[PDB]
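Enquirer: Handing you this structure, nothing more for now.
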Amino acid sequence: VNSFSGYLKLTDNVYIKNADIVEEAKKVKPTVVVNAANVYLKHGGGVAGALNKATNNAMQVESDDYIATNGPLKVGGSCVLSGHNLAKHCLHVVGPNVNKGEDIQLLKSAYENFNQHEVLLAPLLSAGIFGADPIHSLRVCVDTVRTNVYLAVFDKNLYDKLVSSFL
Ligand SMILES: O=C(O)CNC(=O)c1cccc(O)c1
């Protein structure tokens, strides 16, 4: 038994809710929140900007030190950093950005990072401003992630379509 409430069960291990992931992280304070990162950890908008804003920019300060030491992530890659006031840890995962020409086949590699963590609060990777079809992203999630994932979908209209079209 964990602290997540009001999620619709899709599979053995995948759960979904219409929720602001920032508000969800503040309420639950999960072990791991997933950020929809880019390779530079420049948290300007969507999930990364909202979580970064909720940390009062401490996520961006930490991220800049990480990049100055280690260089950019890979598309499909991740790093673990502090969760600040939102979570124990933030798993920054880079899904492919369709609006930048990145290989959508990298979405499965991106989701494989979640398997290193027993439980996560996460967005649908490569959805929103990353330009992928959220229906596709949910299918890859269900077919790739084996650990327990709690998906927060910001848009109520998209949430209802994700549930009602789920195979
Ligand atoms: O849910 C998604 O797939 C995309 N969500 C966002 O971009 C987002 C989530 C929470 C706050 C916010 O300003 C944007």
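Letters A, B, ... go to the chains of the structure tokens in the order shown; residues in each chain start at 1; ligands are counted from 1 in the same order.
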Quick one: which chain A residues come within 9 Å of ligand 1, and what is the nearest atom pair for each with the distance in Å to one decimal, counting only C-alpha atoms and all ligand atoms, rows ordered by chain and ascending number, as JSON lines?
Expert:
{"residue": "A:18", "atom": "CA", "partner": "ligand 1", "partner_atom_place_in_ligand_line": "1 (O)", "distance": 8.4}
{"residue": "A:19", "atom": "CA", "partner": "ligand 1", "partner_atom_place_in_ligand_line": "10 (C)", "distance": 7.9}
{"residue": "A:20", "atom": "CA", "partner": "ligand 1", "partner_atom_place_in_ligand_line": "10 (C)", "distance": 4.7}
{"residue": "A:21", "atom": "CA", "partner": "ligand 1", "partner_atom_place_in_ligand_line": "10 (C)", "distance": 5.3}
{"residue": "A:22", "atom": "CA", "partner": "ligand 1", "partner_atom_place_in_ligand_line": "10 (C)", "distance": 5.9}
{"residue": "A:23", "atom": "CA", "partner": "ligand 1", "partner_atom_place_in_ligand_line": "10 (C)", "distance": 8.1}
{"residue": "A:36", "atom": "CA", "partner": "ligand 1", "partner_atom_place_in_ligand_line": "4 (C)", "distance": 8.5}
{"residue": "A:45", "atom": "CA", "partner": "ligand 1", "partner_atom_place_in_ligand_line": "14 (C)", "distance": 6.9}
{"residue": "A:46", "atom": "CA", "partner": "ligand 1", "partner_atom_place_in_ligand_line": "7 (O)", "distance": 3.2}
{"residue": "A:47", "atom": "CA", "partner": "ligand 1", "partner_atom_place_in_ligand_line": "8 (C)", "distance": 4.3}
{"residue": "A:48", "atom": "CA", "partner": "ligand 1", "partner_atom_place_in_ligand_line": "7 (O)", "distance": 7.8}
{"residue": "A:49", "atom": "CA", "partner": "ligand 1", "partner_atom_place_in_ligand_line": "13 (O)", "distance": 7.0}
{"residue": "A:50", "atom": "CA", "partner": "ligand 1", "partner_atom_place_in_ligand_line": "13 (O)", "distance": 4.8}
{"residue": "A:51", "atom": "CA", "partner": "ligand 1", "partner_atom_place_in_ligand_line": "11 (C)", "distance": 7.4}
{"residue": "A:122", "atom": "CA", "partner": "ligand 1", "partner_atom_place_in_ligand_line": "1 (O)", "distance": 9.0}
{"residue": "A:123", "atom": "CA", "partner": "ligand 1", "partner_atom_place_in_ligand_line": "3 (O)", "distance": 5.5}
{"residue": "A:124", "atom": "CA", "partner": "ligand 1", "partner_atom_place_in_ligand_line": "3 (O)", "distance": 5.3}
{"residue": "A:125", "atom": "CA", "partner": "ligand 1", "partner_atom_place_in_ligand_line": "3 (O)", "distance": 7.3}
{"residue": "A:126", "atom": "CA", "partner": "ligand 1", "partner_atom_place_in_ligand_line": "3 (O)", "distance": 7.8}
{"residue": "A:127", "atom": "CA", "partner": "ligand 1", "partner_atom_place_in_ligand_line": "3 (O)", "distance": 4.9}
{"residue": "A:128", "atom": "CA", "partner": "ligand 1", "partner_atom_place_in_ligand_line": "4 (C)", "distance": 4.4}
{"residue": "A:129", "atom": "CA", "partner": "ligand 1", "partner_atom_place_in_ligand_line": "7 (O)", "distance": 6.6}
{"residue": "A:130", "atom": "CA", "partner": "ligand 1", "partner_atom_place_in_ligand_line": "4 (C)", "distance": 8.9}
{"residue": "A:134", "atom": "CA", "partner": "ligand 1", "partner_atom_place_in_ligand_line": "3 (O)", "distance": 7.3}
{"residue": "A:151", "atom": "CA", "partner": "ligand 1", "partner_atom_place_in_ligand_line": "1 (O)", "distance": 8.6}
{"residue": "A:152", "atom": "CA", "partner": "ligand 1", "partner_atom_place_in_ligand_line": "1 (O)", "distance": 6.2}
{"residue": "A:153", "atom": "CA", "partner": "ligand 1", "partner_atom_place_in_ligand_line": "1 (O)", "distance": 4.0}
{"residue": "A:154", "atom": "CA", "partner": "ligand 1", "partner_atom_place_in_ligand_line": "1 (O)", "distance": 4.0}
{"residue": "A:155", "atom": "CA", "partner": "ligand 1", "partner_atom_place_in_ligand_line": "1 (O)", "distance": 6.3}
{"residue": "A:158", "atom": "CA", "partner": "ligand 1", "partner_atom_place_in_ligand_line": "3 (O)", "distance": 8.8}
{"residue": "A:159", "atom": "CA", "partner": "ligand 1", "partner_atom_place_in_ligand_line": "1 (O)", "distance": 8.8}
Enquirer: May I have the residues within 12 Å of residue 117 in chain A as a ChimeraX atom specification, using only C-alpha atoms and disregarding those fewer than 6 positions away in the same chain?
Expert: /A:30-34,80,89-91,111,145-149
Enquirer: Can you write out the residues you just picked, keeping N, CA and C atoms, as a PDB file, in the first residue's frame?
Expert:
ATOM      1  N   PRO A  30       6.266  11.839  -3.375  1.00  0.00           N
ATOM      2  CA  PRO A  30       6.702  10.501  -3.736  1.00  0.00           C
ATOM      3  C   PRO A  30       8.223  10.333  -3.631  1.00  0.00           C
ATOM      4  N   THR A  31       8.673   9.098  -3.582  1.00  0.00           N
ATOM      5  CA  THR A  31      10.109   8.774  -3.635  1.00  0.00           C
ATOM      6  C   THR A  31      10.708   9.354  -4.919  1.00  0.00           C
ATOM      7  N   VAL A  32      10.045   9.147  -6.051  1.00  0.00           N
ATOM      8  CA  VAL A  32      10.544   9.585  -7.381  1.00  0.00           C
ATOM      9  C   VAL A  32       9.434  10.297  -8.132  1.00  0.00           C
ATOM     10  N   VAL A  33       9.669  11.535  -8.521  1.00  0.00           N
ATOM     11  CA  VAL A  33       8.902  12.198  -9.583  1.00  0.00           C
ATOM     12  C   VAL A  33       9.755  12.202 -10.843  1.00  0.00           C
ATOM     13  N   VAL A  34       9.165  11.947 -11.982  1.00  0.00           N
ATOM     14  CA  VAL A  34       9.823  12.014 -13.295  1.00  0.00           C
ATOM     15  C   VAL A  34       9.584  13.398 -13.868  1.00  0.00           C
ATOM     16  N   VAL A  80      19.432  10.980 -12.126  1.00  0.00           N
ATOM     17  CA  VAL A  80      18.754  11.150 -10.843  1.00  0.00           C
ATOM     18  C   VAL A  80      19.319  12.353 -10.121  1.00  0.00           C
ATOM     19  N   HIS A  89      13.502  12.259  -4.814  1.00  0.00           N
ATOM     20  CA  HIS A  89      14.372  12.264  -6.007  1.00  0.00           C
ATOM     21  C   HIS A  89      13.565  12.736  -7.194  1.00  0.00           C
ATOM     22  N   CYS A  90      14.225  13.379  -8.143  1.00  0.00           N
ATOM     23  CA  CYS A  90      13.691  13.629  -9.496  1.00  0.00           C
ATOM     24  C   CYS A  90      14.472  12.822 -10.499  1.00  0.00           C
ATOM     25  N   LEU A  91      13.797  11.956 -11.232  1.00  0.00           N
ATOM     26  CA  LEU A  91      14.375  11.270 -12.370  1.00  0.00           C
ATOM     27  C   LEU A  91      14.104  12.110 -13.610  1.00  0.00           C
ATOM     28  N   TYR A 111      11.517   5.241 -21.623  1.00  0.00           N
ATOM     29  CA  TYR A 111      10.696   4.559 -20.585  1.00  0.00           C
ATOM     30  C   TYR A 111      11.454   3.453 -19.845  1.00  0.00           C
ATOM     31  N   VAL A 145       7.444  -0.404 -19.176  1.00  0.00           N
ATOM     32  CA  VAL A 145       7.654  -0.228 -17.748  1.00  0.00           C
ATOM     33  C   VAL A 145       7.071  -1.432 -17.023  1.00  0.00           C
ATOM     34  N   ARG A 146       7.870  -2.009 -16.157  1.00  0.00           N
ATOM     35  CA  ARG A 146       7.479  -3.167 -15.317  1.00  0.00           C
ATOM     36  C   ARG A 146       7.347  -2.758 -13.862  1.00  0.00           C
ATOM     37  N   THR A 147       7.883  -1.616 -13.430  1.00  0.00           N
ATOM     38  CA  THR A 147       7.717  -1.110 -12.064  1.00  0.00           C
ATOM     39  C   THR A 147       6.404  -0.329 -11.954  1.00  0.00           C
ATOM     40  N   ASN A 148       6.080   0.122 -10.768  1.00  0.00           N
ATOM     41  CA  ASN A 148       4.746   0.729 -10.543  1.00  0.00           C
ATOM     42  C   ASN A 148       4.785   2.215 -10.890  1.00  0.00           C
ATOM     43  N   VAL A 149       4.038   2.558 -11.900  1.00  0.00           N
ATOM     44  CA  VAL A 149       4.025   3.941 -12.424  1.00  0.00           C
ATOM     45  C   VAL A 149       2.640   4.553 -12.282  1.00  0.00           C
TER      46      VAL A 149
END
Enquirer: So which residues of range 5-131 of chain A fall under helix (DSSP H, G or I) by DSSP, listed as a ChimeraX atom specification?
Expert: /A:21-28,46-54,58-70,98-100,106-116,128-130
Enquirer: Please list as a PDB file with N, CA and C atoms, in the first residue's frame every residue within 6 Å of residue 92 in chain A, counting only C-alpha atoms and excluding residues in the same chain fewer than 5 positions away.
Expert:
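So around-v7.pdb came out as:
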ATOM      1  N   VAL A  34       9.165  11.947 -11.982  1.00  0.00           N
ATOM      2  CA  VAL A  34       9.823  12.014 -13.295  1.00  0.00           C
ATOM      3  C   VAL A  34       9.584  13.398 -13.868  1.00  0.00           C
ATOM      4  N   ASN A  35      10.686  13.977 -14.357  1.00  0.00           N
ATOM      5  CA  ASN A  35      10.650  15.224 -15.133  1.00  0.00           C
ATOM      6  C   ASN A  35      10.774  14.899 -16.601  1.00  0.00           C
ATOM      7  N   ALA A  37      12.433  16.012 -19.191  1.00  0.00           N
ATOM      8  CA  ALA A  37      13.638  16.820 -19.378  1.00  0.00           C
ATOM      9  C   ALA A  37      14.019  16.892 -20.848  1.00  0.00           C
ATOM     10  N   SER A  78      18.719   9.517 -18.887  1.00  0.00           N
ATOM     11  CA  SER A  78      18.177  10.052 -17.643  1.00  0.00           C
ATOM     12  C   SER A  78      19.298  10.347 -16.686  1.00  0.00           C
ATOM     13  N   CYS A  79      18.992  11.095 -15.685  1.00  0.00           N
ATOM     14  CA  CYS A  79      19.822  11.197 -14.479  1.00  0.00           C
ATOM     15  C   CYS A  79      18.935  11.370 -13.270  1.00  0.00           C
TER      16      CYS A  79
END
Enquirer: For a quick check of understanding, using only C-alpha atoms, which of A:63, A:70, A:105, A:115 has the smallest distance to residue 142 in chain A?
Expert: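 Closest residue, counting only C-alpha atoms: A:115.
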Enquirer: Go through A:39, A:110, A:8, A:73 and flag the residue nearest residue 141 in chain A, using only C-alpha atoms for the distances.
Expert: A:110
Enquirer: Between CA of residue 42 in chain A and CA of residue 71 in chain A, what is the distance in Å, rounded to a tenth?
Expert: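 Separation of CA of residue 42 in chain A and CA of residue 71 in chain A: 12.5 Å.
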Enquirer: Run DSSP on the backbone and give me the residues of range 47-92 of chain A it puts in strand (DSSP E or B), as a list in words.
Expert: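 Everything in range 47-92 of chain A that counts as strand (DSSP E or B) is residues 78, 79, 80, 81, 82, 89, 90, 91 and 92 of chain A.
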Enquirer: Could you please take those selected residues and save N, CA and C atoms as an mmCIF file, in the first residue's frame?
Expert:
data_model
loop_
_atom_site.group_PDB
_atom_site.id
_atom_site.type_symbol
_atom_site.label_atom_id
_atom_site.label_comp_id
_atom_site.auth_asym_id
_atom_site.auth_seq_id
_atom_site.Cartn_x
_atom_site.Cartn_y
_atom_site.Cartn_z
ATOM 1 N N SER A 78 18.719 9.517 -18.887
ATOM 2 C CA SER A 78 18.177 10.052 -17.643
ATOM 3 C C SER A 78 19.298 10.347 -16.686
ATOM 4 N N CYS A 79 18.992 11.095 -15.685
ATOM 5 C CA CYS A 79 19.822 11.197 -14.479
ATOM 6 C C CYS A 79 18.935 11.370 -13.270
ATOM 7 N N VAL A 80 19.432 10.980 -12.126
ATOM 8 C CA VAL A 80 18.754 11.150 -10.843
ATOM 9 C C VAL A 80 19.319 12.353 -10.121
ATOM 10 N N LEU A 81 18.497 13.325 -9.772
ATOM 11 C CA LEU A 81 18.895 14.495 -8.980
ATOM 12 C C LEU A 81 17.934 14.659 -7.816
ATOM 13 N N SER A 82 18.087 15.699 -7.032
ATOM 14 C CA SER A 82 17.198 15.944 -5.907
ATOM 15 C C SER A 82 15.761 16.132 -6.371
ATOM 16 N N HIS A 89 13.502 12.259 -4.814
ATOM 17 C CA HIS A 89 14.372 12.264 -6.007
ATOM 18 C C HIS A 89 13.565 12.736 -7.194
ATOM 19 N N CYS A 90 14.225 13.379 -8.143
ATOM 20 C CA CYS A 90 13.691 13.629 -9.496
ATOM 21 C C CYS A 90 14.472 12.822 -10.499
ATOM 22 N N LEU A 91 13.797 11.956 -11.232
ATOM 23 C CA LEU A 91 14.375 11.270 -12.370
ATOM 24 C C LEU A 91 14.104 12.110 -13.610
ATOM 25 N N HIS A 92 15.141 12.771 -14.108
ATOM 26 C CA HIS A 92 15.053 13.584 -15.335
ATOM 27 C C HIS A 92 15.220 12.670 -16.528
#
Enquirer: Fewer than 3 positions away in the same chain doesn't count, so skip those; otherwise give me all residues within 9 Å of residue 4 in chain A, counting only C-alpha atoms, as an MDAnalysis selection string.
Expert: chainID A and resid 1 7 24 28 30 121 150
Enquirer: Name the closest residue to residue 113 in chain A among the candidates A:76, A:131, A:44, A:96; distances are taken between atoms, counting only C-alpha atoms.
Expert: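 Using only C-alpha atoms, the shortest distance to residue 113 in chain A belongs to A:76.
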Enquirer: Rounded to one decimal place, report the CA of residue 93 in chain A-CA of residue 162 in chain A distance in Å.
Expert: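 Distance between the two atoms: 21.5 Å.
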